[PDB]
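Read the single chain below, which is given as structure tokens and is the form deposited in one PDB entry.
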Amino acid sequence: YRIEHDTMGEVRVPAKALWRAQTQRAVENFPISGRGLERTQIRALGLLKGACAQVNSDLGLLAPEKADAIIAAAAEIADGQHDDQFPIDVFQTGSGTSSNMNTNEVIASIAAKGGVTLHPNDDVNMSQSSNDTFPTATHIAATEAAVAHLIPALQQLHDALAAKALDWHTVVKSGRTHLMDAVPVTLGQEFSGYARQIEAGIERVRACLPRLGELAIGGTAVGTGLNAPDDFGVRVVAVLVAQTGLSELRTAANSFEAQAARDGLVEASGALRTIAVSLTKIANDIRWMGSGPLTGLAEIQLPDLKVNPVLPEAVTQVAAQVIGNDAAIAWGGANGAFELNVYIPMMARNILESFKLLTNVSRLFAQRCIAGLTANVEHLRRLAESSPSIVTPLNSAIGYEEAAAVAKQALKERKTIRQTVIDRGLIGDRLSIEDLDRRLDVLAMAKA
């Protein structure tokens, strides 16, 4: 319940708060959503401040005592020990300068407890600006989310789908095209398609990493690097790669592009949106397969968490949210001006949420839905034995001409191929029942 001195008046700050005047001013300025930065974003801001202090100490610009204090305070933030010291709304100044200052002030307060005096700006923000810090922290968080969390969760889901594709390789059923009875497929073939969609999803995330991992650090206020060392960015990136193990982090190809635009986030969101499109198809098919029992398709049983398909519902709802977040990201991305895109906090919220939702729902879908599915094998065969058949596999036995006459008579009389063959008296020396039954076998027709 203490008081502080801002160069435009007095500021009242909570007693257990490590933030100071500028942060409390942002709290008062932006009461919009009531939600602040996520743990991933706070962690990335701590990682960045420790790396910058390390490079400023290495170049002789910051006294080793001060640098050690920033590095220890930053490590605490990166390890999640201060997730309650970042109270600023997401809907803040569009550079994220408010959250940048919040990080500077918390490090200064942590350092003061350990007996060292740090200036938030002059020491913790040395060689940095209001504008190259928050987008760097955003891209660190997004790249960690892609590489450490999302890709492994998608691989878990891919592996679960692929395991079912192999278990069910010969579980024959009816194909459905336009929702109408089609020629046979196997449940395994369908699951091989779902698994490819997720494998292609991982390919799509991997393809965006060369641009998602681009960091602005070192470009300072406008991209020129004025008031930073010439190699600040390259040096800070190498410390971040060393401390995170994220080899995908890199300096920006062009320091102006990296601050004027957030195109890498727009690109990454498009991969997530494609994954959401794939997941929607997979989840919808699985809840339709599970439907009924009496009124639906009743092809598979879902694990109970008459079972409602609650994890397909959570997946399709997450996909809707990723599609909406993706529209917000593109809207912010397009609306930069000159040297700075000022939609960074909103874009950060949306892409980091999309990563988190897809990671968590993919691992739940894989573990608590896909792994436990059971096929209703005899029902699925009954459906395959009700699919349309074709005459092609009789060509070698009755010839192109009789086969075409079977096809025409089956269509006119609304009969099966098999029954039309029997009815036309074709069972004989050229075609036993056995030969008819082997040629028209529904698992053979699936070409598994």
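Just count from 1 along the sequence shown to find any residue number. The term rigid core refers to the most C-alpha atoms you can superpose between the two forms while keeping them within 1.5 Å.
Another form exists, deposited in another entry; not displayed. Remarks below refer to it.
After superposition on the rigid core, the single residue among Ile70, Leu394, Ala44, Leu37 whose C-alpha moves by 2 Å or more between the shown form and the other one is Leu394. A displacement of 2 angstroms or greater separates the C-alpha positions of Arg430 between the shown form and the other one, with the rigid core held in common. Once both forms are fitted on their rigid core, the CA atom of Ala53 lies less than 2 Å apart between the shown form and the other one. When two forms of a protein are overlaid on their rigid core, residues whose CA moves 2 Å or more are considered shifted, and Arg381 is not one of them between the shown form and the other one.
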